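**Q** What follows is structure26.cif; its format and atoms are mmCIF, C-alpha atoms.
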```cif
data_model
loop_
_atom_site.group_PDB
_atom_site.id
_atom_site.type_symbol
_atom_site.label_atom_id
_atom_site.label_comp_id
_atom_site.auth_asym_id
_atom_site.auth_seq_id
_atom_site.Cartn_x
_atom_site.Cartn_y
_atom_site.Cartn_z
ATOM 1 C CA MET A 1 0.000 0.000 0.000
ATOM 2 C CA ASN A 2 1.072 3.608 -0.744
ATOM 3 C CA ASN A 3 0.195 6.794 1.210
ATOM 4 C CA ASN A 4 0.666 10.613 1.132
ATOM 5 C CA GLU A 5 1.636 10.454 -2.590
ATOM 6 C CA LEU A 6 0.501 14.103 -2.924
ATOM 7 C CA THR A 7 3.111 15.165 -0.302
ATOM 8 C CA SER A 8 5.846 13.626 -2.503
ATOM 9 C CA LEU A 9 4.702 16.201 -5.189
ATOM 10 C CA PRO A 10 5.455 19.995 -5.370
ATOM 11 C CA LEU A 11 1.799 21.020 -5.997
ATOM 12 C CA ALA A 12 1.333 20.864 -2.197
ATOM 13 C CA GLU A 13 3.849 23.757 -1.892
ATOM 14 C CA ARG A 14 2.308 25.738 -4.810
ATOM 15 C CA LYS A 15 -0.952 25.603 -2.773
ATOM 16 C CA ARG A 16 0.867 26.837 0.359
ATOM 17 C CA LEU A 17 2.477 29.810 -1.472
ATOM 18 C CA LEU A 18 -1.088 31.144 -2.009
ATOM 19 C CA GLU A 19 -2.138 30.182 1.555
ATOM 20 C CA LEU A 20 0.831 32.165 2.969
ATOM 21 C CA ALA A 21 -0.157 35.104 0.682
ATOM 22 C CA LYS A 22 -3.705 35.271 2.142
ATOM 23 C CA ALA A 23 -2.263 34.919 5.671
ATOM 24 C CA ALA A 24 0.448 37.565 5.020
ATOM 25 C CA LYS A 25 -1.824 40.635 5.297
ATOM 26 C CA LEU A 26 0.998 42.898 3.950
ATOM 27 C CA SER A 27 1.745 40.628 0.891
ATOM 28 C CA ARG A 28 5.205 42.276 0.704
ATOM 29 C CA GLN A 29 7.317 40.424 -1.879
ATOM 30 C CA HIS A 30 10.253 40.881 0.553
ATOM 31 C CA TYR A 31 10.653 38.911 3.798
#
```
Written as structure tokens, that's how I'd like the structure from this file.
**A**
Amino acid sequence: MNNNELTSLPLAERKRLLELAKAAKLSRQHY
């Protein structure tokens, strides 16, 4: 049996980049 195949992919991070953008109320390109 296999598991968390989606975590082995980069799409999970592409999703998070947007998530962090909504969270980051200042959306400053800089950190």
**Q** Which value, in Å to one decimal, gives the distance between atom CA of residue 17 of chain A and atom CA of residue 29 of chain A?
**A** 11.7 Å
**Q** Using only the atoms of segment 4-14 of chain A listed in the file, plus 6 Å on each side, state the axis-aligned box centre and edge lengths in Å rounded to one decimal, as JSON.
**A**
```
{"center_x": 3.2, "center_y": 18.1, "center_z": -2.4, "size_x": 17.3, "size_y": 27.3, "size_z": 19.1}
```
**Q** One decimal, Å: what's the distance from atom CA of residue 5 of chain A over to atom CA of residue 21 of chain A, could you say?
**A**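 These two atoms are separated by 24.9 Å.
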**Q** Just the number, please: distance in Å from atom CA of residue 10 of chain A to atom CA of residue 26 of chain A, one decimal.
**A**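 These atoms are spaced 25.1 Å apart.
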